[PDB]
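This document opens with one chain alone, in structure tokens, the form deposited in one PDB entry.
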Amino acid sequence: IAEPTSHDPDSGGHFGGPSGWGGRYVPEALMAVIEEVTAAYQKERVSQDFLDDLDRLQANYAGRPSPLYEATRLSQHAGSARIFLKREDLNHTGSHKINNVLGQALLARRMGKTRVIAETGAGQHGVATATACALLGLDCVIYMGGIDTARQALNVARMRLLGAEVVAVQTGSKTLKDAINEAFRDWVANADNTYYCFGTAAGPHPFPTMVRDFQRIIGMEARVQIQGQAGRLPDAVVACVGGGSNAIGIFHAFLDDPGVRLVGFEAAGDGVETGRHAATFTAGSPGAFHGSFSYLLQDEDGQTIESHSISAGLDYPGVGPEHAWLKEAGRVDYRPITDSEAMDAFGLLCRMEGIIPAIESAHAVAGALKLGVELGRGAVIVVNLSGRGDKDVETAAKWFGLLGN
């Protein structure tokens, strides 16, 4: 039924020691509802009826399992290595994020919460949250930065067609990390009836563990599929890393596989030396941010540095604490991928396999090509294709001069 907890944090939410990564860097005003969620999840994660409910929605509603596809026409560009694409792009709503919102929305119902709030960058997680809330009859309020609302007119329309309410965050830098701050303030005021559906594997305990658990299904399926299609465990499993949810979801089933390399690829923007990037592990340092102790991009005083990436999902200055632990422990390597490498991969996947990837996922594809060259002919590399790129066609079209002036 439920998988063991060998890699779990302690009761305080800390990885690798009681003063290690994760924890709860939140105000006391939030600790009551956080303990309520932690206890609710602790009960339901071992409830067979809850896992049966989630499995049922994953199969008939979300479309699981997602297939594993060997991109044979990518081999030439990856040192003749063998690229297997875990096709989360085929999930309902178009990304892995549906796995997360289905779990937390079931949990909010189990808790008697009637209202769900969530943050969103360009709109991916807000649409996913509004989708689950429509399915389960929960009232939904999405917080979105005012720069992103004005720029994402149709995603606001999607969320409204799904019955959710969209609030424009016109404070701070008016983007993803300020939407998160606005949702945090909403929860502090409305903890009695409101559940905060967090969008990645970060935040205070138990959200890094909970989100990772709702995404473990990716790695569990992929580990069976890659053995059936390639005949052995892969030489490497790679994924892109924004907050970390899709990477940790596909990494987890392979942690105790000693020969399987685990590589996460993060957004280098214009270049890690330009200061226009989101390469958290590559250029950030440890610090407390958004409820956990992890890596973030910060200046000499501890202030958050604004990140930049051609992708929205990787455009986040922090990263989840379980990745920080895995980095420190040497289990996973984290490497940067520029805007150009990703767009290069984005286009190559369109022409070679007919799959339009999310620009977030193109970073992982790009890194997979580089890894194939390093590992050489015949290497088996599993890639998490975290989402489809329909949301990114306009951005890619402009990049490749397909819209003109």
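Definition used throughout: the rigid core is the maximal C-alpha set that superposes within 1.5 Å between two forms. All residue numbers are counted from 1 along the displayed sequence.
The form deposited in another entry is left out here; the points below concern that form.
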Rigid-core-referenced C-alpha movement of 2 Å or more between this form and the one not shown, selected from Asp148, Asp315, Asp235, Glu221: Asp148
Displaced residue check between this form and the one not shown: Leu136, CA, 2 Å or over, core reference: no
After fitting the core, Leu255 CA displacement of 2 Å or more between this form and the one not shown: no
Threshold 2 Å Cα movement between this form and the one not shown for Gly275, core superposed: no
